[PDB]
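Just the one chain here, laid out as structure tokens, in the form deposited in one PDB entry.
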């Protein structure tokens, strides 16, 4: 169901590290304006890790309050604790979220069976649509294809954000599923292919700075028009790259700063994009005509 360009929105902040609400609001209007099809409130890009449970909720609320049921809101509710995860996902449901995005427990390295029990428990406790998120590189674990298929077997588990970048792998998964649950790309670099291979959209980082372009690439990629997917994606490829020259979302948050859309806020352990990649990013933004 949820399709298109789904931007994983940053959580704008002030120089001191407090959430920047006036700037958060403006960004939601701007995505809805620009053609963004949905939004993940407080995902990895949203500095979920450095936000308190209250800020997590406040943001989820604000994004839902400014969206005003105009486009669906997916609430970031992952945790490396099953219990903790149930608490954020219910909070989300109560706040009126359309769906929840739960990354695989990071750092405690659960077994594949633990990964199965973890999600099932969450699925049977809060009646909300749930979208799994696999990004081994960050978590320390890797939700196998077979595990994903066992889970698509659960009422409430409706999709899986796939950030491997491993396309044929992503393809195997989409095929094995036969439409039982959605798949979205969690890798901007190869999202156009994944969607061209039948993925329901991209939970995009690049979409923070180029929402129109992206939703256009998504539309035509889900539409199965190979050449336009390539042709329009190519206009923004350089961006999928330069936005990870440092850990996401260090750069995109600097990208948005150069765009004049947010202040330089970012919570430690994260840091402002290193002075070294600031001209390199500034040009890439100019080559793409975003400024």
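Positions refer to the first chain, counted from 1.
This next part talks about the form solved in complex with a small molecule, which is not shown.
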Using heavy atoms only and a 4.5 Å cut-off, determine which of 138, 171, 90, 212 is in contact with the small molecule in the deposited bound form. 138
Looking at 246, 225, 263, 62 here, can you tell me which has any non-hydrogen atom within 4.5 angstroms of the small molecule in the deposited bound form? 246
Looking at heavy atoms inside 4.5 Å, which stretch does the small molecule contact in the deposited bound form, given the options 23-31, 237-245, 63-71, 255-263? 237-245
